[PDB]
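Numbering (the authors' numbering), first residue to last: 1 to 330.
Ideal placement from N, C-alpha and C gives every residue a C-beta, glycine not left out.
Data block below; observations after.
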Amino acid sequence: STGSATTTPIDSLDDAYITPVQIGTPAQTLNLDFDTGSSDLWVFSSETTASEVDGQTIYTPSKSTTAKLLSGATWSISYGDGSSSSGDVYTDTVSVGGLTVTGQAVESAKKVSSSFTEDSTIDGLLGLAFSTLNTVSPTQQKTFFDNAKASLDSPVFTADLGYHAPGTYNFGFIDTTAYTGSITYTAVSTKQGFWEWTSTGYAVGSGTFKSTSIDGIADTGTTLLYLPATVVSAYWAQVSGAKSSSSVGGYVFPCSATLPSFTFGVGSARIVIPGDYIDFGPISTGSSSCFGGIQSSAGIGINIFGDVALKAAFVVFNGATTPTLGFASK
C-alpha cells in the first residue's frame, strides 16, 4: 500500500503545516500537524475542556462505530516549546492520503495548553518519530508509520514541504519526479527516539564551506533551524544590523535586509536554504525589526533541522531495519 497527502502552511510565515487525516467511521477529518520530532497521535476531541477549544475541529469517538476505549490508558506530553497536552486513548481507523491503519491509538485530549488553544488551524498532532517516545501509559503505543510499515510497498515516508506553498507527505514510496539530482542518504541514531543524524558542515551565502560535524534531528514539527551558537553567529554576522535580542528571544534583523542563503552538508552533498526562507517577518505588526529563521540551539540541548531547513529539500525518512535519512535538492 501507499498514501499521499497534501500538507498546507497554516499561515503566511509557514509557522507549521497541516495535513488532513481521516479518523473513525464514518470518517471525521481533522487537520493534524505531522511531527517527526514526537510520537503521539493526539487530537482535540469531545472530551477536551470546553474553555480550551477555540475553533478546532474535534474528534467525537461516540460517533465512530469503530472507536474503542483503550481501557486504562492515559497520555501526557510536553514539547520543546513548553506547550503540553494530556488525556485518554481510543483505538480507531485512521487514514492518511488513502493509506489506512486499523487499531491506531488515537489520543484524545482532555487538556491542552494555551498555545494549542490559540492555534485554531491545528486540530492535533501526528507523531512520526520512533515509537519509543510514545507517552501512552501503561502500555506504550505505536505511531501511524510504525503500524502502517509492514503493509507499505517500502518502509519509508517522505516530507516535501513547500515554501509559502503546499507540499506533500508520501507513505510507502519515493516520488522520483519530486526532486532533482540524486538522494544522499546518511546514518540515523535512534538512541534518543528521534531522526537524529550528523550534518557534515555549513556555508553562509557564497562563503566557503566549513567542514564540521553537527548532530541534530530532522523535525517537521519545529518551525525554525536551531544550530550551535558559533554557526548562528557566523550567519547573522553577514547581515548588517542583525543582533541577538534577549527581549525578543533570539536573533532579529532589519526588515530592509536582503538575507544570505545558508547551506548545510549531507555527506558530500549540499542543501541550499535560500535567504528568503530565513525571513519570519516583523516581530510585532508594523515593526521594522524582523525575526530570524536561524536561531541558536544553546539551552535546547539539541540541534534541530526544522521546517526552515527541511522545506529546502525532498527528505526521505527510511524506516528500514537500519533507519536512515535521505536528502535531495528540488
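Spanning the alpha carbons of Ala269 and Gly326 requires a straight line of approximately 11 Å.
Scanning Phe264, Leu259, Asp215, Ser108 for the CA closest to the CA of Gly301 turns up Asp215. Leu133 and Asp40 have their C-alpha atoms some 8 Å from each other. Residue burial annotation: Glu107 is buried, with at least 16 other C-beta atoms found within 10 angstroms of its C-beta. In the DSSP assignment, the residues bridged to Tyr202 are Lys210, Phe264. Within the same chain, Cβ atoms closer than 6 Å to the Cβ of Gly275 are found at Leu259, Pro260, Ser261, the five residues on either side in sequence being excluded. Going by C-alpha positions, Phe44 is about 29 Å away from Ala150. The region 8 to 28 makes contact with the region 95 to 110; the number of CB pairs closer than 8 Å reaches 3 or more.
The straight-line gap separating the alpha-carbon atoms of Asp33 and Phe173 is approximately 21 Å.
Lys142 sits in coil when the DSSP states are folded into three classes, being neither helix nor strand.
Following the DSSP letters along the chain, one finds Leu310 inside the alpha helix (DSSP H) bounded by residues 307 to 310.
Residues of the same chain with a CB within less than 6 Å of the CB of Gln141, apart from the 5 flanking positions on each side, are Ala105, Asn134 in chain order.
Residue state for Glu47 is assigned as coil, using DSSP reduced to three classes. For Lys63, the secondary structure class from DSSP, reduced to helix, strand or coil, is helix. Each residue's CA atom was taken as its position, placing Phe305 and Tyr90 some 32 Å apart. The secondary-structure analysis by DSSP pairs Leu99 across a beta bridge with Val96. Where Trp75 is concerned, the enclosing beta strand (DSSP E) starts and stops at 68 to 78. For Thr132, the secondary structure class from DSSP, reduced to helix, strand or coil, is helix. For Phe116, the uninterrupted alpha helix (DSSP H) segment begins and ends at 114 to 118. The beta carbon of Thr49 is closer than 7 Å to those of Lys110, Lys111 in its chain, skipping five residues each way along the sequence. One Cα belongs to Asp35, the other to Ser78, and the distance between them is close to 14 Å. For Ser240, same chain residues with a beta-carbon under 8 Å away, outside a window of 5 residues either side, are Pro254, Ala257 in chain order.
Per the Cβ contact rule, the region 155 to 175 is not in contact with the region 185 to 205 (fewer than 3 Cβ pairs under 8 Å). Taken in chain order, the complete beta strand (DSSP E) segments of 3 residues or longer contained in the region 207 to 259 are 210 to 218, 225 to 227, 243 to 245, 250 to 254.
The secondary-structure analysis by DSSP pairs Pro20 across a beta bridge with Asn31. Closest by C-alpha distance to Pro228, out of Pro61, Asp219, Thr93, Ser199, is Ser199. Shortest Cα-Cα distance from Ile10 to any of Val316, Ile58, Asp123 involves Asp123. Counted as a single uninterrupted DSSP element, the beta strand (DSSP E) harbouring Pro282 occupies residues 279 to 282.
Annotated as proximal: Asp14 and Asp307, with beta-carbon spacing under 8 Å.
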